[PDB]
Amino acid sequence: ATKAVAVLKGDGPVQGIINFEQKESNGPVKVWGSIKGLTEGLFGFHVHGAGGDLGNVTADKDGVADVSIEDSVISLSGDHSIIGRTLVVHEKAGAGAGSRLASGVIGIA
């Protein structure tokens, strides 16, 4: 397997950790982790260069949001590997939908 993680940081209250696991180089990627510091509302994750959101999450009264998804279009290897690109969490649920909150480079682990 390959495993990678983005540690999401920003100026404001938002922080988070997004884990990426791929069992086989040719297989799908599990993306899971959590974001705190949110105001209750709906948010989205975007890899720089991506063209769309990696996925969308909604947040708790407590400012916390939980993510677990499967993505078979991206990969942690090959020449399109997303290792080294930037993960972003941003307001308002959509590819270009809203201001950037926090971000992190997707590192290998």
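Quick note: we count residues from 1 along the sequence shown, nothing fancier.
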| query | finding |
| --- | --- |
| Stretch exceeding the other in mean C-alpha B-factor - 56 to 64, 26 to 34 | 56 to 64 |
| Mean temperature factor over C-alpha atoms, higher-scoring stretch between 8 to 16 and 83 to 91 | 8 to 16 |
| Identity of residue with top Cα B-factor, from 76, 47, 73, 42 | 42 |
| Residue 106, C-alpha B-factor rank within chain (lowest, middle or highest third) | lowest |
